[PDB]
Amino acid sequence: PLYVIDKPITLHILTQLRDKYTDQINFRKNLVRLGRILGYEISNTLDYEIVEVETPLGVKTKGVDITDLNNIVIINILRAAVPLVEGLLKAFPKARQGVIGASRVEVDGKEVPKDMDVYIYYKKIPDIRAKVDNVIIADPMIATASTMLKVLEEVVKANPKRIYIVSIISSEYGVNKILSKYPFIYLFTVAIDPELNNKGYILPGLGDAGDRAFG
């Protein structure tokens, strides 16, 4: 399933992120804001039970309990995802965190990259509980989807209850590549850009998310 969260405020924030004049401090501030917002949107898609609660007025009434808020594992793809994850963690205070350091092998060919070698320089992920945990993989940008696909090949083996992918900008090619292979993944993004340049960067995109956030 594809969830494009393109409401006025999210597009307003995204505009700030795209703007090449937005410095690191403000870029991070806006990315955290989007992490909170996407966490909110994701929360509204989680399973939930109807419960009964007693108010101070001695009366009982129906309520809602999203039990899955207790079963979340967020995978932080360094370096770029750090601010996004900080925002997501605000939405899921009980989420355990896992980290994956990923970097693409740069390219500059005569044609637009379809695939790219991704080397994982660091990996520490908590035990994912099959059929129980909801895994949220966070990475601001999805271009060729090579990074996400490499992370997914491992996550899918854990057989989580559900897999969410949270990005800010995904390319049409990337979204297609992910959902066509894993059609049951919940892919959240704010905008879907049409293309990539010869270097594998998203156009219009926002540049290298890592550098935009931390220089």
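Quick note: we count residues from 1 along the sequence shown, nothing fancier. Each form is matched to the other, and the largest set of C-alpha atoms that superpose within 1.5 Å is called the rigid core.
In summary, of the stretches 123 to 131 and 96 to 104, 96 to 104 shows the greater Cα distance from the shown form in 4 other deposited structures of this protein, with structures fitted on the rigid core. Displacement analysis by core superposition in 4 other deposited structures of this protein ranks 114 to 122 above the other of 70 to 78 and 114 to 122 in root-mean-square C-alpha distance from the shown form. Stretches 112 to 120 and 94 to 102 differ in mean CA B factor, with 112 to 120 having the higher one. Stretches 150 to 158 and 33 to 41 differ in mean CA B factor, with 150 to 158 having the higher one. Residue-level inspection of the entry shows that, of 85, 72, 107, 145, 107 has the top Cα B-factor. Remark: of 169, 185, 59, 46, 59 shows the highest value [criterion: C-alpha B-factor in the PDB entry]. Among all modelled residues in this chain, the alpha-carbon of residue 26 has a temperature factor (C-alpha) in the middle third. Placement of the Cα temperature factor of residue 189 within the chain: lowest third of the modelled residues, per the deposited record. The PDB entry assigns residue 12 a C-alpha temperature factor belonging to the lowest third of its chain's modelled residues. Ranked by Cα temperature factor within the chain, residue 89 sits in the lowest third according to the deposited record. When the modelled residues of the chain are ordered by C-alpha B-factor, residue 196 sits in the highest third.
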